[PDB]
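Colleague: Provided herewith: upload.txt, compact mmCIF, C-alpha atoms and all ligand atoms.
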# COMPACT_ATOMS: atom_id res chain seq x y z
CA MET R 1 135.77 95.99 77.91
CA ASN R 2 136.46 99.71 77.73
CA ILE R 3 138.82 101.98 75.72
CA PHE R 4 141.67 101.51 78.23
CA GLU R 5 141.57 97.73 78.09
CA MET R 6 141.29 97.82 74.29
CA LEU R 7 144.28 100.09 73.78
CA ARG R 8 146.31 98.22 76.44
CA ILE R 9 145.82 95.08 74.35
CA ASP R 10 146.71 96.83 71.10
CA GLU R 11 149.73 98.83 72.36
CA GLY R 12 151.15 96.60 75.09
CA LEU R 13 153.08 97.98 78.07
CA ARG R 14 156.80 98.61 78.03
CA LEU R 15 158.61 100.50 80.82
CA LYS R 16 161.81 101.18 78.86
CA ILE R 17 162.11 103.31 75.68
CA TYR R 18 161.42 101.14 72.61
CA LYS R 19 160.77 101.63 68.92
CA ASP R 20 157.17 101.29 67.71
CA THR R 21 156.08 99.59 64.50
CA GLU R 22 157.23 102.67 62.46
CA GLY R 23 160.61 102.78 64.16
CA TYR R 24 159.79 105.76 66.41
CA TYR R 25 160.91 106.01 70.04
CA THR R 26 157.99 105.26 72.31
CA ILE R 27 157.41 104.22 75.93
CA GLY R 28 154.67 102.84 78.20
CA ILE R 29 151.36 102.07 76.50
CA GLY R 30 152.02 103.51 73.08
CA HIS R 31 153.25 106.90 74.19
CA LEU R 32 155.18 108.40 71.25
CA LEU R 33 158.23 110.34 72.43
CA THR R 34 159.63 111.62 69.16
CA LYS R 35 159.94 110.85 65.49
CA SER R 36 163.58 111.91 65.67
CA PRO R 37 166.23 109.19 65.10
CA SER R 38 168.07 110.48 68.19
CA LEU R 39 167.72 108.42 71.39
CA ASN R 40 169.00 111.45 73.29
CA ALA R 41 166.15 113.56 71.90
CA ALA R 42 163.72 110.82 73.04
CA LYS R 43 165.25 110.74 76.48
CA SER R 44 164.80 114.51 76.83
CA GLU R 45 161.17 114.24 75.76
CA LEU R 46 160.67 111.48 78.29
CA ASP R 47 162.16 113.51 81.12
CA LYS R 48 159.98 116.52 80.17
CA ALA R 49 156.85 114.29 80.06
CA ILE R 50 157.41 112.62 83.43
CA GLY R 51 159.01 115.54 85.25
CA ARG R 52 162.14 113.81 86.51
CA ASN R 53 165.40 112.37 85.16
CA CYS R 54 164.25 108.88 84.05
CA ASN R 55 167.26 107.76 82.03
CA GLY R 56 164.91 105.92 79.67
CA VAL R 57 162.88 103.95 82.21
CA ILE R 58 159.57 104.68 83.95
CA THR R 59 157.36 102.95 86.51
CA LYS R 60 154.09 101.30 85.76
CA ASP R 61 152.21 104.08 87.55
CA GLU R 62 153.94 106.66 85.32
CA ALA R 63 153.06 104.67 82.20
CA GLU R 64 149.43 104.57 83.29
CA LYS R 65 149.40 108.32 83.93
CA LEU R 66 150.74 109.05 80.38
CA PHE R 67 148.10 106.64 79.08
CA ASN R 68 145.27 108.47 80.86
CA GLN R 69 146.57 111.78 79.46
CA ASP R 70 146.83 110.31 75.95
CA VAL R 71 143.35 108.79 75.89
CA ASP R 72 141.92 112.06 77.21
CA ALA R 73 143.77 113.93 74.44
CA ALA R 74 142.54 111.58 71.72
CA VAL R 75 138.91 112.02 72.82
CA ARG R 76 139.20 115.81 73.17
CA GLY R 77 140.86 115.92 69.75
CA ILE R 78 137.87 114.15 68.19
CA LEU R 79 135.44 116.54 69.91
CA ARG R 80 137.40 119.58 68.61
CA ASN R 81 137.59 118.31 65.06
CA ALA R 82 134.72 119.52 62.91
CA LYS R 83 134.95 116.50 60.60
CA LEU R 84 135.17 113.88 63.34
CA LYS R 85 132.82 115.17 66.01
CA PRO R 86 129.58 114.65 64.04
CA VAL R 87 130.57 111.08 63.12
CA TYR R 88 131.65 110.28 66.68
CA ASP R 89 128.40 111.67 68.11
CA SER R 90 126.42 109.52 65.71
CA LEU R 91 128.06 106.30 66.94
CA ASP R 92 127.14 103.90 69.76
CA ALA R 93 129.50 103.36 72.68
CA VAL R 94 131.47 100.39 71.36
CA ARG R 95 132.03 101.99 68.00
CA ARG R 96 133.14 105.21 69.74
CA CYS R 97 135.95 103.13 71.27
CA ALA R 98 137.05 102.02 67.79
CA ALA R 99 137.18 105.71 66.74
CA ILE R 100 139.26 106.64 69.76
CA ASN R 101 141.63 103.73 69.03
CA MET R 102 142.26 104.98 65.46
CA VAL R 103 142.93 108.58 66.59
CA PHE R 104 145.18 107.30 69.36
CA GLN R 105 147.25 105.37 66.83
CA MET R 106 147.44 107.80 63.93
CA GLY R 107 146.51 111.23 65.18
CA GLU R 108 144.38 113.49 63.03
CA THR R 109 146.67 114.45 60.12
CA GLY R 110 145.24 111.86 57.72
CA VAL R 111 141.53 112.48 58.38
CA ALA R 112 141.01 113.74 54.81
CA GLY R 113 142.11 110.34 53.55
CA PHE R 114 139.38 108.69 55.60
CA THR R 115 136.59 110.96 54.28
CA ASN R 116 134.74 108.18 52.50
CA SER R 117 134.99 105.84 55.49
CA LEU R 118 133.74 108.53 57.86
CA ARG R 119 130.74 109.11 55.60
CA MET R 120 129.88 105.39 55.56
CA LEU R 121 130.23 105.18 59.34
CA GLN R 122 127.97 108.25 59.78
CA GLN R 123 125.43 106.54 57.50
CA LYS R 124 125.71 103.28 59.47
CA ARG R 125 126.80 101.34 56.40
CA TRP R 126 128.98 99.04 58.47
CA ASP R 127 130.06 96.41 55.97
CA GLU R 128 130.89 99.05 53.37
CA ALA R 129 132.80 101.09 55.95
CA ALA R 130 134.77 97.98 56.93
CA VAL R 131 135.73 97.32 53.33
CA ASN R 132 136.74 100.94 52.79
CA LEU R 133 138.77 101.14 56.03
CA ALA R 134 140.90 98.17 54.93
CA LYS R 135 141.96 99.92 51.70
CA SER R 136 144.61 101.82 53.63
CA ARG R 137 148.26 101.94 54.46
CA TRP R 138 147.03 101.60 58.06
CA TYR R 139 145.53 98.16 57.38
CA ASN R 140 148.46 96.98 55.27
CA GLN R 141 151.12 97.96 57.78
CA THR R 142 149.35 96.82 61.01
CA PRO R 143 146.82 94.31 59.72
CA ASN R 144 146.13 92.36 62.93
CA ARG R 145 145.32 95.52 64.90
CA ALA R 146 143.44 97.12 61.99
CA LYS R 147 141.34 93.96 61.63
CA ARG R 148 140.35 94.10 65.34
CA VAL R 149 139.42 97.79 65.10
CA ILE R 150 137.51 97.24 61.84
CA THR R 151 135.62 94.27 63.26
CA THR R 152 134.66 96.50 66.17
CA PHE R 153 133.25 99.11 63.74
CA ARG R 154 131.56 96.43 61.64
CA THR R 155 129.78 94.65 64.52
CA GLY R 156 129.54 97.13 67.35
CA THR R 157 130.70 94.31 69.68
CA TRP R 158 133.98 93.47 71.45
CA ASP R 159 134.22 90.10 69.72
CA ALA R 160 137.63 90.76 68.15
CA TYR R 161 139.10 91.52 71.59
CA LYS R 162 137.45 88.82 73.69
CA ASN R 163 138.60 86.28 71.15
CA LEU R 164 142.21 87.11 72.00
CA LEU R 165 141.55 87.67 75.69
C1 LIG V 201 142.82 109.73 61.14
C2 LIG V 201 141.35 109.55 61.09
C3 LIG V 201 140.81 108.75 62.24
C4 LIG V 201 139.30 108.83 62.27
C5 LIG V 201 138.66 107.91 63.30
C6 LIG V 201 137.24 108.29 63.69
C7 LIG V 201 136.13 107.65 63.17
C8 LIG V 201 134.87 108.04 63.52
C9 LIG V 201 134.69 109.09 64.38
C10 LIG V 201 135.77 109.73 64.92
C11 LIG V 201 137.03 109.34 64.56
Show this structure as structure tokens.
Ligand SMILES: CCCCCc1ccccc1

Modeller:
Amino acid sequence: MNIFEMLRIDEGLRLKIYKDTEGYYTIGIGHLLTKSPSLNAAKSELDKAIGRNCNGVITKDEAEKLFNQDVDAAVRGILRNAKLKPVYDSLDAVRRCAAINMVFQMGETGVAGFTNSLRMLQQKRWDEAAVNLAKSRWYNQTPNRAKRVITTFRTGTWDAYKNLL
């Protein structure tokens, strides 16, 4: 497994504009278009992102291109963030994928909330980190995905993702 397979499992693939778990317009593999309630605003963002008039629908190749851009952005965001970069650099490869997954889902605005978890991950206190990570709106609102990501941090293996092919 790799970060693309992991996030494809967690986000799915949809070629028409849809609403994500928070009710925001999204397309492809978890590509957020806008937090605006306006479908027209989402359609404009989609056209700007793809570079043609899509009328709310894209091809699989286009979805995969947004996905590559979004993964690249998540990783670069971690490397630019003074609080995240040292933790990320301290981690092994599988756990780095769990970190990318979280940033892909939630962005970086709530990093301060995860200060204690980041410290436990940096210290390699995996069971304690796992317990701390679950005390979160993130876990309570998307528990099946949070559990897979947390198990990945706890074990440093892909067991939570092989399980469910
Ligand atoms: C919003 C906070 C996400 C933090 C996820 C993470 C964990 C370890 C290293 C980098 C990023």

Colleague: Got a sec to check which residues sit within 10 Å of (131.5, 95.3, 71.0), counting only C-alpha atoms, and write them as number ranges by chain?

Modeller: R: 1-2, 92-95, 97-98, 151-162

Colleague: Given the selection you just returned, output its residues as a file containing C-alpha atoms, formatted as a PDB file, in the frame of the given file.

Modeller:
ATOM      1  CA  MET R   1     135.770  95.990  77.910  1.00  0.00           C
ATOM      2  CA  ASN R   2     136.460  99.710  77.730  1.00  0.00           C
ATOM      3  CA  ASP R  92     127.140 103.900  69.760  1.00  0.00           C
ATOM      4  CA  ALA R  93     129.500 103.360  72.680  1.00  0.00           C
ATOM      5  CA  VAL R  94     131.470 100.390  71.360  1.00  0.00           C
ATOM      6  CA  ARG R  95     132.030 101.990  68.000  1.00  0.00           C
ATOM      7  CA  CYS R  97     135.950 103.130  71.270  1.00  0.00           C
ATOM      8  CA  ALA R  98     137.050 102.020  67.790  1.00  0.00           C
ATOM      9  CA  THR R 151     135.620  94.270  63.260  1.00  0.00           C
ATOM     10  CA  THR R 152     134.660  96.500  66.170  1.00  0.00           C
ATOM     11  CA  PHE R 153     133.250  99.110  63.740  1.00  0.00           C
ATOM     12  CA  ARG R 154     131.560  96.430  61.640  1.00  0.00           C
ATOM     13  CA  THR R 155     129.780  94.650  64.520  1.00  0.00           C
ATOM     14  CA  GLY R 156     129.540  97.130  67.350  1.00  0.00           C
ATOM     15  CA  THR R 157     130.700  94.310  69.680  1.00  0.00           C
ATOM     16  CA  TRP R 158     133.980  93.470  71.450  1.00  0.00           C
ATOM     17  CA  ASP R 159     134.220  90.100  69.720  1.00  0.00           C
ATOM     18  CA  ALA R 160     137.630  90.760  68.150  1.00  0.00           C
ATOM     19  CA  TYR R 161     139.100  91.520  71.590  1.00  0.00           C
ATOM     20  CA  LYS R 162     137.450  88.820  73.690  1.00  0.00           C
TER      21      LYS R 162
END

Colleague: For ligand LIG 201 (chain V), which residue out of R:132, R:141, R:115, R:163 is the nearest one, using all atoms listed in the file?

Modeller: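 Checking each of R:132, R:141, R:115, R:163 against ligand LIG 201 (chain V), counting all atoms listed in the file, the winner is R:115.
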
Colleague: To check your reading of the model: which residues sit at most 8 Å from ligand LIG 201 (chain V) when counting all atoms listed in the file? Write the answer as a VMD selection string.

Modeller: chain R and resid 78 84 to 89 91 96 98 to 103 106 to 114 117 to 118 121 to 122

Colleague: Could you work out how far CA of residue 5 in chain R lies from CA of residue 51 in chain R, giving the answer in Å with one decimal?

Modeller: 25.9 Å

Colleague: At what distance in Å, to one decimal, does CA of residue 164 in chain R lie from CA of residue 6 in chain R?

Modeller: 11.0 Å

Colleague: Quick one: residues within 12 Å of residue 21 in chain R, all atoms listed in the file counted, chain neighbours fewer than 5 positions away excluded, as a list in words?

Modeller: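 Contacts, with the query itself left out: residues 10, 11, 26, 30, 32, 35, 105, 106, 138, 141, 142, 143 and 145 of chain R.
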
Colleague: When you count only C-alpha atoms, which of these residues is closest to residue 38 in chain R: R:80, R:119, R:147, R:19?

Modeller: R:19

Colleague: Would you mind reading off the distance between CA of residue 14 in chain R and CA of residue 139 in chain R, one decimal, in Å?

Modeller: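 Computed distance, CA of residue 14 in chain R to CA of residue 139 in chain R, equals 23.5 Å.
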
Colleague: Select, counting all atoms listed in the file, all protein, DNA and RNA residues no farther than 10 Å from (163.0, 103.1, 68.1) in file coordinates, and express the selection as a ChimeraX atom specification.

Modeller: /R:17-27,32-39,42

Colleague: I need the residue nearest residue 66 in chain R from this list: R:16, R:8, R:43, R:31. Use only C-alpha atoms for the distance.

Modeller: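 That would be R:31, the residue with the smallest distance to residue 66 in chain R.
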
Colleague: Let me make sure I understand: among R:15, R:128, R:79, R:135, which one has the smallest atom-to-atom distance to residue 57 in chain R if we use only C-alpha atoms?

Modeller: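 Counting only C-alpha atoms, the residue closest to residue 57 in chain R is R:15.
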
Colleague: Could you check the closest approach to residue 70 in chain R for each of R:40, R:104, R:82, R:146 and tell me which residue wins, using only C-alpha atoms?

Modeller: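 Residue with the minimum atom-to-atom distance to residue 70 in chain R: R:104.
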